[PDB]
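Everything below belongs to input-v5.cif, which stores mmCIF, C-alpha atoms and all ligand atoms.
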data_my_file
loop_
_atom_site.group_PDB
_atom_site.id
_atom_site.type_symbol
_atom_site.label_atom_id
_atom_site.label_comp_id
_atom_site.auth_asym_id
_atom_site.auth_seq_id
_atom_site.Cartn_x
_atom_site.Cartn_y
_atom_site.Cartn_z
ATOM 1 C CA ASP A 6 -4.125 12.795 -17.088
ATOM 2 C CA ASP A 7 -2.910 9.463 -18.524
ATOM 3 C CA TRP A 8 -3.410 7.739 -15.209
ATOM 4 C CA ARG A 9 -7.147 7.559 -15.792
ATOM 5 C CA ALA A 10 -6.752 5.277 -18.851
ATOM 6 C CA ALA A 11 -4.321 2.830 -17.155
ATOM 7 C CA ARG A 12 -5.450 -0.752 -16.615
ATOM 8 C CA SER A 13 -2.786 -1.963 -14.162
ATOM 9 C CA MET A 14 -0.677 -0.911 -11.167
ATOM 10 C CA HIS A 15 2.244 -1.979 -13.321
ATOM 11 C CA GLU A 16 1.823 1.061 -15.571
ATOM 12 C CA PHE A 17 2.969 3.352 -12.760
ATOM 13 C CA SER A 18 6.251 4.364 -11.161
ATOM 14 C CA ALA A 19 7.043 5.779 -7.733
ATOM 15 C CA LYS A 20 10.038 7.096 -5.792
ATOM 16 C CA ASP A 21 11.163 4.709 -3.052
ATOM 17 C CA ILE A 22 12.043 6.034 0.409
ATOM 18 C CA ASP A 23 15.697 6.484 -0.651
ATOM 19 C CA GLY A 24 14.727 8.591 -3.694
ATOM 20 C CA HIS A 25 15.191 5.817 -6.324
ATOM 21 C CA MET A 26 12.527 5.810 -9.046
ATOM 22 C CA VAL A 27 10.893 2.376 -9.042
ATOM 23 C CA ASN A 28 9.052 1.098 -12.095
ATOM 24 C CA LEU A 29 6.085 -0.793 -10.592
ATOM 25 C CA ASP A 30 6.304 -3.304 -13.382
ATOM 26 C CA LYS A 31 8.752 -5.018 -11.000
ATOM 27 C CA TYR A 32 5.617 -6.377 -9.304
ATOM 28 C CA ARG A 33 4.309 -8.086 -12.448
ATOM 29 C CA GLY A 34 3.627 -11.699 -11.477
ATOM 30 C CA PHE A 35 3.356 -10.958 -7.780
ATOM 31 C CA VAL A 36 0.384 -10.494 -5.446
ATOM 32 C CA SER A 37 0.805 -7.076 -3.868
ATOM 33 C CA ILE A 38 -0.602 -5.176 -0.905
ATOM 34 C CA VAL A 39 -0.463 -1.373 -1.325
ATOM 35 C CA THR A 40 -1.047 0.654 1.857
ATOM 36 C CA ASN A 41 -0.774 4.222 3.115
ATOM 37 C CA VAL A 42 1.201 4.350 6.380
ATOM 38 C CA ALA A 43 1.862 6.815 9.225
ATOM 39 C CA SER A 44 4.158 6.706 12.249
ATOM 40 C CA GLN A 45 1.945 8.607 14.690
ATOM 41 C CA UNK A 46 -1.372 6.763 14.493
ATOM 42 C CA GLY A 47 -3.060 4.692 17.320
ATOM 43 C CA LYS A 48 -2.999 1.724 14.897
ATOM 44 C CA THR A 49 0.629 2.184 13.746
ATOM 45 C CA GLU A 50 1.967 -0.712 15.833
ATOM 46 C CA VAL A 51 -0.660 -3.305 14.872
ATOM 47 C CA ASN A 52 -0.399 -2.447 11.178
ATOM 48 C CA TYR A 53 3.391 -2.524 10.932
ATOM 49 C CA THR A 54 3.768 -5.710 13.005
ATOM 50 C CA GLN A 55 1.073 -7.574 11.072
ATOM 51 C CA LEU A 56 2.392 -6.477 7.660
ATOM 52 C CA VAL A 57 5.830 -7.713 8.702
ATOM 53 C CA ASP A 58 4.254 -11.044 9.789
ATOM 54 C CA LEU A 59 2.375 -11.423 6.448
ATOM 55 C CA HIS A 60 5.543 -10.661 4.533
ATOM 56 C CA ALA A 61 7.567 -13.197 6.538
ATOM 57 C CA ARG A 62 4.959 -15.934 5.937
ATOM 58 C CA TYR A 63 4.144 -15.272 2.257
ATOM 59 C CA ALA A 64 7.096 -13.516 0.516
ATOM 60 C CA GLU A 65 8.300 -16.944 -0.632
ATOM 61 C CA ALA A 66 4.940 -17.591 -2.368
ATOM 62 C CA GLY A 67 5.051 -14.205 -4.146
ATOM 63 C CA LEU A 68 3.509 -11.661 -1.724
ATOM 64 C CA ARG A 69 4.951 -8.146 -1.980
ATOM 65 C CA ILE A 70 4.065 -5.088 0.134
ATOM 66 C CA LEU A 71 4.320 -1.438 -0.962
ATOM 67 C CA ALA A 72 4.076 1.094 1.889
ATOM 68 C CA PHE A 73 3.414 4.751 1.050
ATOM 69 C CA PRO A 74 3.795 7.197 3.935
ATOM 70 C CA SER A 75 1.279 10.067 3.948
ATOM 71 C CA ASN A 76 0.786 13.087 6.251
ATOM 72 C CA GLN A 77 -2.787 13.736 5.057
ATOM 73 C CA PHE A 78 -4.606 12.159 8.094
ATOM 74 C CA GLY A 79 -4.240 14.066 11.346
ATOM 75 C CA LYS A 80 -0.684 15.142 10.447
ATOM 76 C CA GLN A 81 0.425 11.674 11.608
ATOM 77 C CA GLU A 82 3.431 11.387 9.301
ATOM 78 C CA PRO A 83 5.262 14.677 9.796
ATOM 79 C CA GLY A 84 8.837 13.329 9.581
ATOM 80 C CA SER A 85 11.365 13.238 6.779
ATOM 81 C CA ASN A 86 11.745 10.248 4.482
ATOM 82 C CA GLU A 87 15.004 9.388 6.346
ATOM 83 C CA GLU A 88 13.193 9.423 9.689
ATOM 84 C CA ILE A 89 10.335 7.259 8.368
ATOM 85 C CA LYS A 90 12.887 4.790 6.950
ATOM 86 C CA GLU A 91 14.483 4.411 10.395
ATOM 87 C CA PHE A 92 11.059 4.098 12.037
ATOM 88 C CA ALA A 93 10.086 1.227 9.728
ATOM 89 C CA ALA A 94 13.469 -0.412 10.354
ATOM 90 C CA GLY A 95 12.594 -0.489 14.095
ATOM 91 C CA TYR A 96 9.725 -2.805 13.158
ATOM 92 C CA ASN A 97 12.051 -5.001 11.052
ATOM 93 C CA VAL A 98 10.339 -4.102 7.823
ATOM 94 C CA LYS A 99 11.884 -5.868 4.846
ATOM 95 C CA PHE A 100 9.148 -5.028 2.325
ATOM 96 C CA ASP A 101 9.238 -1.916 0.109
ATOM 97 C CA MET A 102 9.015 1.560 1.603
ATOM 98 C CA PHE A 103 8.222 4.543 -0.604
ATOM 99 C CA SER A 104 8.711 8.312 -0.329
ATOM 100 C CA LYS A 105 5.896 10.246 1.379
ATOM 101 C CA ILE A 106 2.939 11.155 -0.854
ATOM 102 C CA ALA A 107 -0.553 12.611 -0.897
ATOM 103 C CA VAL A 108 -3.346 10.045 -1.523
ATOM 104 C CA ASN A 109 -6.324 12.447 -1.937
ATOM 105 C CA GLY A 110 -6.876 15.583 -4.009
ATOM 106 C CA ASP A 111 -5.418 16.823 -7.274
ATOM 107 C CA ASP A 112 -1.816 16.383 -6.102
ATOM 108 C CA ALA A 113 -2.264 12.723 -5.052
ATOM 109 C CA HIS A 114 0.181 10.213 -6.494
ATOM 110 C CA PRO A 115 -1.299 8.891 -9.777
ATOM 111 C CA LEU A 116 -1.237 5.251 -8.591
ATOM 112 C CA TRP A 117 -3.546 6.260 -5.717
ATOM 113 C CA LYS A 118 -5.825 8.304 -8.033
ATOM 114 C CA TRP A 119 -6.066 5.161 -10.186
ATOM 115 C CA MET A 120 -6.656 2.602 -7.421
ATOM 116 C CA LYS A 121 -9.544 4.601 -6.001
ATOM 117 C CA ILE A 122 -11.561 4.485 -9.259
ATOM 118 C CA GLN A 123 -11.147 0.755 -9.888
ATOM 119 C CA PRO A 124 -14.295 -1.413 -9.656
ATOM 120 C CA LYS A 125 -13.115 -3.073 -6.406
ATOM 121 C CA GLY A 126 -11.224 0.066 -5.169
ATOM 122 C CA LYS A 127 -14.153 2.022 -3.757
ATOM 123 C CA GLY A 128 -14.727 2.298 -0.034
ATOM 124 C CA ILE A 129 -18.031 1.757 1.726
ATOM 125 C CA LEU A 130 -18.771 5.537 1.774
ATOM 126 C CA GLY A 131 -16.878 6.318 -1.437
ATOM 127 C CA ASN A 132 -13.545 6.622 -3.204
ATOM 128 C CA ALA A 133 -11.567 9.032 -0.962
ATOM 129 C CA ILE A 134 -8.982 7.480 1.369
ATOM 130 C CA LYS A 135 -10.455 8.061 4.834
ATOM 131 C CA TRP A 136 -7.519 7.636 7.228
ATOM 132 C CA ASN A 137 -4.104 6.031 7.667
ATOM 133 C CA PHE A 138 -3.661 2.328 6.833
ATOM 134 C CA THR A 139 -6.127 1.816 4.017
ATOM 135 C CA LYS A 140 -5.008 -1.318 2.060
ATOM 136 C CA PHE A 141 -5.491 -2.506 -1.501
ATOM 137 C CA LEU A 142 -4.933 -6.104 -2.589
ATOM 138 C CA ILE A 143 -3.564 -6.234 -6.120
ATOM 139 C CA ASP A 144 -3.380 -9.356 -8.311
ATOM 140 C CA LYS A 145 -0.467 -10.648 -10.403
ATOM 141 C CA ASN A 146 -1.662 -8.648 -13.403
ATOM 142 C CA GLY A 147 -1.885 -5.407 -11.407
ATOM 143 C CA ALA A 148 -5.683 -5.254 -11.021
ATOM 144 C CA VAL A 149 -7.318 -4.166 -7.777
ATOM 145 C CA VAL A 150 -8.939 -7.213 -6.082
ATOM 146 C CA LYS A 151 -10.188 -5.722 -2.822
ATOM 147 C CA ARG A 152 -9.932 -2.666 -0.552
ATOM 148 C CA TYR A 153 -9.677 -2.748 3.253
ATOM 149 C CA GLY A 154 -10.364 0.261 5.435
ATOM 150 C CA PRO A 155 -8.329 1.786 8.275
ATOM 151 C CA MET A 156 -9.893 -0.472 10.917
ATOM 152 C CA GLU A 157 -9.118 -3.727 9.083
ATOM 153 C CA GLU A 158 -6.027 -5.287 10.627
ATOM 154 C CA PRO A 159 -3.624 -6.639 7.943
ATOM 155 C CA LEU A 160 -4.331 -10.258 9.067
ATOM 156 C CA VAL A 161 -7.879 -9.824 7.582
ATOM 157 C CA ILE A 162 -6.225 -9.758 4.153
ATOM 158 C CA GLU A 163 -4.700 -13.256 4.670
ATOM 159 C CA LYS A 164 -8.063 -14.907 4.059
ATOM 160 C CA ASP A 165 -8.183 -13.355 0.541
ATOM 161 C CA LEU A 166 -4.788 -14.589 -0.653
ATOM 162 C CA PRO A 167 -4.629 -17.512 -3.101
ATOM 163 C CA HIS A 168 -5.392 -20.784 -1.260
ATOM 164 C CA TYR A 169 -1.975 -22.292 -2.148
ATOM 165 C CA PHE A 170 -0.093 -19.392 -0.489
HETATM 166 CL CL CL B 1 6.800 9.266 -7.691
HETATM 167 CL CL CL B 2 10.200 -8.447 -0.889
HETATM 168 CL CL CL B 3 -15.025 4.561 2.895
#
Translate the structure described by the file into structure tokens.
Ligand SMILES: [Cl-]
Ligand SMILES: [Cl-]
Ligand SMILES: [Cl-]
Amino acid sequence: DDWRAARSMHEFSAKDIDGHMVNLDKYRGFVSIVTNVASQXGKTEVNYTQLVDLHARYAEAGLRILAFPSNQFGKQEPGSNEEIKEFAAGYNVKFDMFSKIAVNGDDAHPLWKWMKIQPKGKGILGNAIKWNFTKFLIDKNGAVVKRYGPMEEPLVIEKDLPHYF
């Protein structure tokens, strides 16, 4: 379990929503938001629209967003990767969509196993992802800066970006 000894997001890779294997070292030098998404959650609309807004306002300063669909919370992402891709396109998403994953348990994607054990990656109750739309803010070196729970609208994160963004 090599993931445990990693010191950066940039040590990981993940399949994008089209099936292309992305080396997350592409995000070296960028501030990144990593979030678990779902299409059938009461907060789906507010999260997608606000992430799109953040991306529009800060991509040019170096903000990147990595969205990982997951069906682990109320079976609220039951669709295929192709269907999720078209769903996100209906919100005019131009940030990076990934293939559906698990975020908790032994079969969770290793990036998510890693984020949860970082010093600033624990939730208020504990490490497990609790619901759809948990967010992690990741610095230019790939370290976890802060975690935001399901109820935190993406605009909350804006206040924690570098002041010159
Ligand atoms: Cl993967
Ligand atoms: Cl981008
Ligand atoms: Cl929590």
Contacts with ligand CL 1 (chain B) at most 8 Å, only C-alpha atoms and all ligand atoms counted, listed as JSON, numbers by chain:
{"A": [18, 19, 20, 21, 26, 104, 114]}
Using only C-alpha atoms, give me every residue within 10 Å of (10.4, -0.6, -14.0) in file coordinates, as a compact mmCIF listing (two decimals) with C-alpha atoms, keeping the file's coordinate frame.
# COMPACT_ATOMS: atom_id res chain seq x y z
CA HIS A 15 2.24 -1.98 -13.32
CA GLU A 16 1.82 1.06 -15.57
CA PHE A 17 2.97 3.35 -12.76
CA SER A 18 6.25 4.36 -11.16
CA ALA A 19 7.04 5.78 -7.73
CA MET A 26 12.53 5.81 -9.05
CA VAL A 27 10.89 2.38 -9.04
CA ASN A 28 9.05 1.10 -12.10
CA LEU A 29 6.08 -0.79 -10.59
CA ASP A 30 6.30 -3.30 -13.38
CA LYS A 31 8.75 -5.02 -11.00
CA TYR A 32 5.62 -6.38 -9.30
CA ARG A 33 4.31 -8.09 -12.45
Quick check on the file I pasted: which residues fall under the PyMOL selection byres (((not hetatm)) within 8 of (chain B and resi 3))? Write them as a PyMOL selection string.
chain A and resi 127-135+154
Contacts with ligand CL 2 (chain B) at most 10 Å, all atoms listed in the file counted, listed as a PyMOL selection string
chain A and resi 32+37+60-61+63-65+67-71+98-101
Among the residues A:115, A:155, A:95, A:83, the one that comes closest to residue A:52 [using all atoms listed in the file]
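Selected residue with least distance to residue A:52: A:155.
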Suppose a student applies the PyMOL selection byres (((chain A and resi 156) around 9) and not hetatm) to this structure; what residues should they get, written as a count of residues only?
8
Work out how far atom CA of residue A:74 is from atom CA of residue A:24, in Å to one decimal.
13.4 Å
Can you measure atom CA of residue A:160 to atom CA of residue A:40 for me? One decimal in Å is fine.
13.5 Å
Specify as a ChimeraX atom specification each residue included when the PyMOL selection byres (((chain A and resi 41) around 10) and not hetatm) is applied to this file.
/A:39-40,42-43,71-77,103,105-108,117,134,136-141,155
Mind giving me the axis-aligned box for stretch 67-77 of chain A with 6 Å on every side, centre plus edges in Å to one decimal, as JSON?
{"center_x": 1.1, "center_y": -0.2, "center_z": 1.1, "size_x": 19.8, "size_y": 39.9, "size_z": 22.4}
Report, in Å with one decimal, the straight-line distance from atom CA of residue A:45 to atom CA of residue A:94.
15.3 Å
